[PDB]
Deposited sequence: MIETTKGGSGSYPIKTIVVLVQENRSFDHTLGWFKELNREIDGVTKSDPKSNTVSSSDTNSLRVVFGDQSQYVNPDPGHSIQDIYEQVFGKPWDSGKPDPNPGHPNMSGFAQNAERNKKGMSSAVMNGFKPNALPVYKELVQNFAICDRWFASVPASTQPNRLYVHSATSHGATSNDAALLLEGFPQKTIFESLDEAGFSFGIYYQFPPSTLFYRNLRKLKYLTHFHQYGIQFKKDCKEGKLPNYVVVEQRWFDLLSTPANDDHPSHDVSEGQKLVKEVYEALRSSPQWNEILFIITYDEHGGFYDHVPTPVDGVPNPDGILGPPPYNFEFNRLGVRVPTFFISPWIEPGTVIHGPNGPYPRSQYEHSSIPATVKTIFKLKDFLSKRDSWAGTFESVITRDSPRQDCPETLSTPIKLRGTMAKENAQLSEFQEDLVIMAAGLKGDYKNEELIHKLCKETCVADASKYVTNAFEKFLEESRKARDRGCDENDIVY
């Protein structure tokens, strides 16, 4: 089994249908969207009783940040708002009908951004990566909540009860065991390449003296370690600082495309390219539309810890589908992975799939929680007998 280096890049706040849904005309196998059988959500307002908003392919490069709190996402997936005076934590029916309404509730006119996705040619970096490697069109954010609970799952398969971006809790640090500790204890290496203060600092255990040395400034160390073949066994690329103090500004998809291109090309020209498995995913969907109902059946709480009031979240429902890419010369081009042949009938691909698959590939002894123990593993995406030799050396520049 050729994979010795696993590289993880977690992007920000985009749904599958918004990012890749229109890539379906390039490959019908992609569970995306079409113009002929279009998806839609309705909007109610004081001025109008009902307006149908069709999911289109007119996403602009610059967009506001839609709502992605646990309470926003409740309205998006169930089509009705949370009501603390009439609490309905498990209403049963994720029909994905509330994205446009939740957008409008948060900011008038924002349903246009929420109800649009990108044309493939507007994201050439992604179009090339989809066509030359693999994606998963059934990969759900771990939590129907915001950025940090999901990021906590990426490297620990739990959020240790968190469903918000609680500045005090994040700074105090979350104490659960991380995949870094599993790897280290088994003698494997790991490195976190950061630009700004990384969200991985929110793991309290990584603040031990012996683990703080595994953080490396990205600009200094990343391209260098790629060039001389010195990448550790588990590489995390951390790019943005999370504004802990941000108690719906616009921003550009282009920066993320540039980062993906740079990271890919550095891995692609590395002597370790033939041992590398590169995963790109999104922390959560950002409030953008997606048509696939979030799983509500057979989803385990990772550690028995409930979320804070008023939601008292049971972690018995997944988040919304996000774009996930698998990139390796050992992968056939244009491959699309759906649900797992996961260990259980109701297993799903989600962020805990990353620690699960790391545990599987490196034969670590134990899973971290009940979530990585249950999540699908994607090591079977590595299918070739020999590494492909003509993988693109460079990708197109973002528009």
- Unmodelled ranges, which are counted on the deposited sequence from position 1 and given in order: 1-11, 259-263, 416-494
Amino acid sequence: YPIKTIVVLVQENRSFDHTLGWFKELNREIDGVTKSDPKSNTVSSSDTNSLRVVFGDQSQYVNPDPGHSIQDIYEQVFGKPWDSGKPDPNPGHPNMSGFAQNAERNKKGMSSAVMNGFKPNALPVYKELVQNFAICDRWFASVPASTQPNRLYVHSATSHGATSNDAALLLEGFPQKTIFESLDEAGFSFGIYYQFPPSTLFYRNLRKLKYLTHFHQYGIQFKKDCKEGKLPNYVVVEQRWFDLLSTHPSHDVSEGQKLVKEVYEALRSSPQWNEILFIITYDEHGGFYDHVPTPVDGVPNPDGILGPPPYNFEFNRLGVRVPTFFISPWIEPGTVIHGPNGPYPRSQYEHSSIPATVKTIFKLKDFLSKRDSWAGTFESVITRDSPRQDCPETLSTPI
From here on, numbers count along this sequence of modelled residues.
- If you average the Cα B factors in the entry, which is higher, 22-30 or 347-355? 22-30
- Note on the structure: Of 365-373 vs 42-50, the stretch with the larger average CA B-factor in the entry is 42-50
- Task: Check the PDB entry and point out which of 216, 80, 321, 155 has the largest C-alpha temperature factor.
- Result: 216
- Can you pull the Cα B-factors for 251, 138, 177, 285 from the entry and say which is highest? 251
- Query: By its CA B factor, does residue 333 count among the lowest, middle or highest third of the modelled residues in the chain?
  - Reply: middle
- Could you say whether, by C-alpha temperature factor, residue 105 belongs to the lowest, middle or highest third of its chain? middle
- Task: Quick one: classify residue 147 as lowest, middle or highest third of the chain based on its Cα B-factor.
- Result: lowest
- Message: Could you place residue 244 in the lowest, middle or highest third of its chain by Cα temperature factor, using the values in the record?
- Response: highest
- Message: Splitting the chain's C-alpha B-factors into thirds, which one does residue 311 fall into?
- Response: middle
